[PDB]
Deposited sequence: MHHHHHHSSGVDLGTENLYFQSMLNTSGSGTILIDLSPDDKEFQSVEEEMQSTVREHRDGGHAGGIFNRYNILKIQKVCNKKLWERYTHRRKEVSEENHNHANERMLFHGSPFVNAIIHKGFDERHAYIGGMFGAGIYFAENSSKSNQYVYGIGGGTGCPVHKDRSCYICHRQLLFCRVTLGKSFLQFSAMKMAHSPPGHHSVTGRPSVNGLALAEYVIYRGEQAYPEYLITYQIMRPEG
C-alpha cells in the first residue's frame, strides 16, 4: 500500500483546526436530513493524517501541470469528500474510473466546503440504504468516515441545476439553500490528507 496513518492528539492545533472546520461548516439541508441524518454537530472520535509518498508525488505533479495551464495558479482548496470508498481511497488514491456517469455533474469525484454535504454521501448517493448494521441514514451509533482533502480546482467551470472537465478547465463548481459542490475528473487532482472518524450527534 505505502499508506501510513498518523493519529493526531486532540490537544494538537492541527487536530483542532480540522475539528473546527468539520463542526463550523455544518448546515440545515433542503431534505430535512433524509440523506445524512438529523444533527447540528458531530462526535469527532479520530483525525489521522494520511501519509503516502506515491500519492503525494502523483498529486504535486498534476498540481504543477494545472498551474501552468491556469496562469501559475493551482486554485487549491481544502474540501470534504464522503463516499463508501474511503478505505480504498486512502490506500490506492482517488480513481475517476469508479465515478458514476449518472451523477448530477457527471462522472466526477465530488467534494464540498460543507462537512454536512459530504456526510450525505458517506453511505452512497442520497445516503443510499444508510448504515450497514441498522439500515438507518440518521444512525447515531455507527461510526462514519469523511476525508478532508487538498483539491486542485485549476480553472473551474460554473454549472447550475459530462465525462471530463470542459475544454480549458480542470474542475466544475456546482451551485443548486445553495451549497457549493466541486467536481474533478482526474483522481490525482486530490490528495486525501486527513481521515476523520466521527458520529452525527443526537440533538437534545
Revision key, fill the gap. Deposited-sequence ranges lacking CA coordinates, in order, are 1-28, 190-192, 208-211, 240
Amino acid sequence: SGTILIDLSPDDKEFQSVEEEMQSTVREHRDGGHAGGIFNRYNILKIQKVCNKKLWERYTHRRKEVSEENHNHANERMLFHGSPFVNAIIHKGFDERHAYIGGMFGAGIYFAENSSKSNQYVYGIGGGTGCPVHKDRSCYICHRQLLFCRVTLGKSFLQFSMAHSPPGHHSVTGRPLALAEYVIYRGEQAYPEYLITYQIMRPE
From here on, numbers count along this sequence of modelled residues.
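For clarity, a rigid core is taken as the largest C-alpha set superposing within 1.5 Å between two forms.
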Practice item. May I ask which stretch, 167-175 or 43-51, sits farther from the shown form in 9 other deposited structures of this protein once every structure is superposed on the core, judging by RMS CA distance? Key: 167-175
Check your understanding: Rigid core superposed, root mean square over structures and residues, which stretch has C-alphas farther from this form in 9 other deposited structures of this protein, 190-198 or 177-185?
Key -> 177-185
Check your understanding: Would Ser161 be found without coordinates in at least a third of the other compared entries?
Key -> yes
Review point. On average, which has the higher Cα B-factor in the deposited entry, 96-104 or 121-129?
Key: 96-104
Check your understanding: Where do the C-alpha atoms have the higher mean temperature factor in this entry, in 29-37 or in 50-58?
Key -> 29-37
Study note, to complete from the structure: Highest CA B factor of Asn87, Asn114, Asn75, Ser83, as deposited, is found at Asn87
Study note, to complete from the structure: Of the three thirds of Cα B-factor ranks in this chain, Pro176 occupies the highest
Exercise for review: Ordered by C-alpha B-factor within the chain, which third holds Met162? Give me lowest, middle or highest, please.
Suggested key: highest
Study note, to complete from the structure: Quick tally, chain-level thirds of C-alpha B-factors: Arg63 sits in the middle
Study note, to complete from the structure: Here the Cα B-factor of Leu8, set against its chain, lands in the third termed highest
